[PDB]
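One structure is given below, represented as structure tokens, and several questions about it will come after.
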Amino acid sequence: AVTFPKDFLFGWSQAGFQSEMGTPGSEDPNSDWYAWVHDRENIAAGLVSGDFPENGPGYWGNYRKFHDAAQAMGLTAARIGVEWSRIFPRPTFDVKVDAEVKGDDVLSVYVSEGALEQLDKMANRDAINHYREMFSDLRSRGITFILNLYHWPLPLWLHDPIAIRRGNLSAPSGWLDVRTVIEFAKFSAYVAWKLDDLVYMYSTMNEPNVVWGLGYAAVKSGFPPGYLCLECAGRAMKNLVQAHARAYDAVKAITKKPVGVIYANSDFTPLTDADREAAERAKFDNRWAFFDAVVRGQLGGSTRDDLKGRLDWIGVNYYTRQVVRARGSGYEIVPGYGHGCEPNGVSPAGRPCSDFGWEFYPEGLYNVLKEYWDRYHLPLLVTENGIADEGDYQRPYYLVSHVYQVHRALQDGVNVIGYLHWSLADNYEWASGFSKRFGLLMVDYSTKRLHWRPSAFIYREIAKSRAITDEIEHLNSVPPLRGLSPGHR
Amino acid sequence: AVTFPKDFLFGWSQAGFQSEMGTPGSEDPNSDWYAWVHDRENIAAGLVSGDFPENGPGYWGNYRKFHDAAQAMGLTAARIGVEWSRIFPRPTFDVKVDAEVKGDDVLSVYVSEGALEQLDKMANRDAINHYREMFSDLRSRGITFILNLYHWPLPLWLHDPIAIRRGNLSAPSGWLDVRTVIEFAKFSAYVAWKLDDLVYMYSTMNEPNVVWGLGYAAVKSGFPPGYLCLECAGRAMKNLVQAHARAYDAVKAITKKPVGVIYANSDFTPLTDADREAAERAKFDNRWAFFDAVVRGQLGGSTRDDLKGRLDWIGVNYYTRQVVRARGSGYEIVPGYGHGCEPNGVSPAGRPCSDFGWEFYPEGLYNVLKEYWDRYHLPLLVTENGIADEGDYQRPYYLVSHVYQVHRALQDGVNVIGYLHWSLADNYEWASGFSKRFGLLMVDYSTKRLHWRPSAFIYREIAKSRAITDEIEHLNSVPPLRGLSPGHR
Amino acid sequence: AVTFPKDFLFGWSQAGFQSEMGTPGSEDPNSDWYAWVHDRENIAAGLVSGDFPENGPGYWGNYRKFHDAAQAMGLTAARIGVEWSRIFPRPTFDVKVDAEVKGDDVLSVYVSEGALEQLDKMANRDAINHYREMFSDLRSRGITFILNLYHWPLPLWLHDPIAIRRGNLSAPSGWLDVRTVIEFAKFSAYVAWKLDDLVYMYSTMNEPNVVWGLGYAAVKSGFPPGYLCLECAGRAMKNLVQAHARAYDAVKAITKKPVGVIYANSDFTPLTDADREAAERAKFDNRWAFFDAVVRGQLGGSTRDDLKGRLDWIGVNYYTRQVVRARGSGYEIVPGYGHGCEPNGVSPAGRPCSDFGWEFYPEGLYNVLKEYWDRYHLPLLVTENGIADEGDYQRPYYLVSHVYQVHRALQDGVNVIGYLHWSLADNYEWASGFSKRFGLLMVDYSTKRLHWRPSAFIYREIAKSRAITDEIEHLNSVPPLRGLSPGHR
Amino acid sequence: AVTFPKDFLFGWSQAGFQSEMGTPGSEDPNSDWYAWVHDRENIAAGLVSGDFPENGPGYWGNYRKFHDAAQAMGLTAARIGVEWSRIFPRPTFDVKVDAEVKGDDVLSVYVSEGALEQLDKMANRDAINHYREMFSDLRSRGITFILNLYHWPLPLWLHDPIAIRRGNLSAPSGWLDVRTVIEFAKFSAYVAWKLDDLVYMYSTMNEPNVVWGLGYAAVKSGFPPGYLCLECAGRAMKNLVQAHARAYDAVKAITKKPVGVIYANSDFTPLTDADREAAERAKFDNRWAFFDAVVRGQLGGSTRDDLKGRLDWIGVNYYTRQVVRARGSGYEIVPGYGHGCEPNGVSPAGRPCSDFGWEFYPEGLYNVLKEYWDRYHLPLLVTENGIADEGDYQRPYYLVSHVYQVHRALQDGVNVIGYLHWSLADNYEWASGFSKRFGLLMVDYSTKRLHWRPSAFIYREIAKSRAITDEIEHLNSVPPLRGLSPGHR
């Protein structure tokens, strides 16, 4: 068997927007992402799927049954998001805080108790009370709670993504506006102040790199505001860095619990040995630039004491690799591997690809954990790992293989404190809608019933034993190719 | 949930030759099938895989661990074969019995206690003692035992399949020789006399239709003796009919426990409504001819009182359908469906096909059960159902779907007493060797370790609950096609 | 054999931007499309392929060899475009014309001889002289010349597509600016005045529906300006309508030769009989709205005498169908058929799909010809038909099948005057770059050599015989599926 | 261009049994192969396709139209077989010849003029006259005629393949009987005596290695007599060796024209460098053993002066490779490459596979030509090369690529005198029936009409120019994979 420490957390991760809606009274129309996915032009263009979150799995109303399944599966942790748009559907700009802003730089934001009380007057009571209700129930099952403050949607009062798509940059502009940083510090302080007693650890945000990169560079992804603007991507990145740091400080002024960040990762692997330097450039550009900012204070060639040391733990999201080849002194991501594969194809390495076109590459999780550990030596939590797999064809192998790699990291001395699968149940996969199914549990979106895929039973074995048991270790292997789609050659 | 009666048996089936060998001291070289699969000409022709049973899963030595897994899975029954070649590696012809033989017809075989004692003197002691040991352990787990007397291999002294392949029909000729019928009655009496205290129910033989049909007609299958001879097929069929009847009588002279037969089935479905009569002809020719003989005494246009009423229960093996189309007043099996599909392809009905090229068609199990019930109203046991599936891609759906159909049969009044999956573990699939993997448990043929596929955990849910539980009912559905091989169009 | 009239034209069509560049001295950087495909953000987003036209097949320099191949193939006609950006790389706004503009409506544009002389002073001499040189050579081979004035790129002084993408709608805005209509009338008059002696028939423009629809609605296509704006699509459509009418009048003031238009078509086929009305709505919205404007003067619910009767012939481009299903009182295009298929897949109708994901549907060409004929009874020319097919797998069948359908139309009384394949040679396929290969001739983009695919030899048979000969009629059939990619199911 | 010598022959090869029947009056029921393919047991087993030759392409009646197409294609040679079963449907045993037989060895057979006259009295006049008629017409088109005496079927009086399949080895036993050698010498002498004036070169037999190997070893191929017997394979091989030598001598006693043999070849390529010796063993066992016998007189370790020097030219048939890996001091053919691939799959080398599962490997034709040349330095004729390809997907590339390799051999000094494609038209592919379509011309088996595939037009280019012209040289390349079936991985 492959045995984990007694205190190692097995659980799941979940986003508010992706999972909450679907039950009566849950609809939240007040976010940029809601507007974005309902926008007729976006639907007609195929930027978004045409599926809508309000037809989703209904965690808002049915949380007890999600928690029942998690408890039955032996899970001991959950990272779940709260939605800013639910808690502050109306603007909080008028709440005075003590901020130092020098042009583009937000160096401090102090949120007084008076400000928290004013925020409480503005907050949506049903929302914050309901979050307490859900997370209280979660805790009642023996499940430790990691609260993630931000998982992409913004209140519409902060971001009109359609106006921005259209190039009206004077409209509310989300992460292009330093004001969003200050408002986020306010929000973060408020939520900690309200909910801290339920929380084990905090994450300020999830995959900010996806927000800046898909929002403003990889616009065919269909993410808001879909305004093709590399300078905007950089501005958003910096504001997300600053938002993280200012949220960290705001939360720390309320609680001393660990405050971290969750980030989207790939293992950047060189196509050939000659591409090793190119792979290193890719790691820096796509990963270290953000973490060097929030850990070491290093941003854009300058060091900021207000950014340094603003991280207690790192949430590693990992799905697959990106293969890199040198292109002059730059680099390029090689199609056909990693994230860039044919849906339900096979890479040139002989690795099957998911329903999303993501290559089976569990080794990359070890590499990414090791690399973050060696660089910063901050505690790591695998905050997402999973697969879009409607048939549960690859998922059993994917699960076991990736868990094994976490164990390997641990054996080599990486302080990884848990593994959170994405996700407990199927949910609304952003611009792709419902057809990308990442659950251990299948969701019937008509009935809202949860259904156990066989992988869920495998995960129960792991979580209850805190081990890859002898019975299931064989799943630490690549899915046999013959029975799977071959893709195209 | 889909709930079964309290006394309904969930278990597995297993053959001696397919599963026993692989551990030191287990090798049995004294069968036609052993000779057949080691024959250099057959190997070179690709008639047989070149894999050998002596490299198999090792039930002979490792039975306790098979039983441990079955007990852990909640299984309550097993149908397991004994090998005639192990028990009587030397000829028993000289043991006198009271038989009435009129040309091709064996009308009676009475095996006296003197004959049983003489047989006991000739029997391989290690073999019979070891069978008692294995089956005693099986019973000690709360597993009811259905003993199947014959599952294809014959002692070499009864059948030299290479000599027969070569057309030397004066060599020992297996089921072409009426003497084999008499020897089988002797064998059957002996085994019942020795082992009855361990047995719940008996089956005389397994899939005799495969023996006659693959042996002498469908010779590309690579089954012994591979002597293309339709008249021989008919002779073998009749002798298997007579062997069943004479074994039934011999066993009944020793024990009053139920004695049945296990047979290979397909649902014969008409391609179009115009093919309904053709499908009925196919059912008669391939199924009813045998059962009308051993139930109703009707064989070849004549009725035999020595054949009538020689059946207490029917073991239904079922894997897939055969699609039938009329061809004049005859019929033909349509390629691309049923047993005749592309390995890991998809039929024109949109049903995925297994590693063996067998179509996903759970509805056929209901139909076959219903049809046998309506015709004979004898108790039915699903004695085999499973899938060659190295990835466990289709098996979870296959399992649940077929179990559901058994429940449907029950609800409609069919007396089906249990469901036995083929198989607990991977084993030697005849001419195909080890590459066709039917287990709930994967076998590592190097280490002989058993490994739980996710389907095994699904089956544990079913067996322990005696139900398709709410958590797994969704698997009563067709595997999603997109992720699977499409085959060729 | 399937025999065509003696005067029926077999030829090819070709665009300037797609085919001209690739030889030294040919580069034309002064178009919106050039800027668009070189834009780093567009490249990084995958909106455009990253391939560049200046690496293309080099018709500008190598035209004689294209013409040699066409002449060897027996071709008797070519529709070839001229590029406005080459002829007027600097703005022509200052040239005074007599135009009546009432808000959004351009009711007349009269281009005097003084204006033509002023335009001649501004025109790029090398460009216009080189067009005369190329088209003179074309004519010297016995090839009749259909001149198409516009095939998507605009001079950069008329359209900064990057500024528009960014939402700076005060930048030069192409077909969003009524001034572009007037400038197009000037251009059209100039080219006719210069080149008329070489021209058999004129087309004002090619596939204006692609320009408005891909430019402003189907933005994932990666066409300029890629500004998602349905209102803009409508504005561009109207301006293209007006541009056509004003160009028609301007050309007719110089020459009485036939002036037509070339348009992108699909056969809109109903998924079920219940979708017939929905298919009719799709035809109107996607096809008749434009032609009713330029034939009948009907636009937006009002009739314009300045639009009525501005068409002498219709160029039918046709590649595949679109399957339509009713959606309430609207309709939707069904994925998996027509233009919306898996590249190198197979539709649910069993029709193979091209390298572009376009379904094999030759019957639609008959339907589209018949429908245009029945509605307007204007002479028809099949101005494009072809397939992206790097292996020449489907093309031989595609060619013969579609030619057959043209013959069927003719037999039923449609006045179709010729068939022009897209294309003689591989070329730059817009946002897809060079990897979509539509040639009868393969282009080696390194050497610029032309290579005859087997389909080219088939087309020689057709063109030289003016018939589908008995030897090749069998190619009027669907490509056999077994050897082709199956796609995914 | 790739230019061939002025006298280099481009043509086709054709078998009597495969192509003759299909027109009224052509049926020849008097051969082992006819009996074999009509045998109900063989049909039911799937040994044979169930298709029958009497439904074939009808060369017997329609030869003029085959010749018309060949002449239109510029072909200058044909190798066509005559059928012994047609010419001597009744036994010739009684015709006395002067033979020296020492047990298994036929050392001489002298056929006197008296014997030839007696044979003429026994010969089927219609048959021999019709062969003269067909071959006279062939010659009248400028087509040189290579007569092949034997192409597998035997008269039924010489071989009852069903009796042999059944193991009745006292029945007429074909190449297991030395008498067949003597009868073949008689036949060969007779045909030369009758037809010599029409013949340029003779071949005694075609692919005798297929006859012995498929007949008696690779019995799943469904070739007669399908009697699995390695000793019989060896006996048949020796008798075919002796038949060749005795036919050579008999024909040479009548004519001094060149007498050769046609043989089935593969390039035996080592999987890894470590397998080079194994590949050499495979070449000897499968190729050199036969040629060392008929060239060098070396057979079975002894040298026979009556076998030495009995070859004037070698007909190289070539379709694909066989990949070889060492297995101890022996070797094995690696599945997935060469002849052993998935139909319409792709090998691990990235080479597409035909409808027969044969890998695209043109390089092997060079290798095989070079190897035969270096060993024996006898003139070579590529007597077959082609592909089963119903869509003409791979054939254009296959044709050009293999012709190129012949040119390469020539450039390196191999005396290759021509290239004969298999085949002009589709025909009856033995146990596979009509579904394997090797023609440059497609045959409609209902109408018997011939249809030109595009490859036929490519071959016309080659044959008329005696060159791979600049226009078609690009087809010397591997078919692009994306559009083709990927097979399974």
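Note that the chains are named A, B, C and D in the order they appear, and that numbering of residues resets to 1 at the start of each chain.
In the analysis below, a contact is a pair of C-beta atoms (placed from the backbone, for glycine too) under 8 Å apart; a residue touches a chain by one contact, two chains touch by 3 or more.
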Pair from B-C, C-D or A-C with over half of its contact pairs in common with B-D: A-C
Of A-C and A-B, whichever chain pair has more C-beta contact pairs: A-B
Chain centre separation (subunit A, subunit B; CA means) in Å: 52
Mean-CA-position distance for subunit D and subunit A (Å): 66
Whole-Å gap separating subunit A and subunit C, where each centre is the average of the chain's CA atoms: 45
Per-residue multi-chain contacts in subunit A, two or more chains: 343-344, 482, 484-486, 488
Graph class of chain-chain contacts, one of line, ring, star, complete, other: complete
Interchain pairs in contact, sorted by label: A-B, A-C, A-D, B-C, B-D, C-D
Sites on subunit C touched by subunit A in the complex: 40-42, 44-47, 165-169, 217-220, 226-230, 343-344, 485, 488
Subunit B partner contacts - residues on subunit A that touch it in the complex: 343-344, 355, 389-394, 396, 442, 444, 451-452, 454-458, 461, 471-475, 479-480, 482-486
Residues of subunit D touching subunit A in the complex: 346, 350, 481-482, 484, 486-489
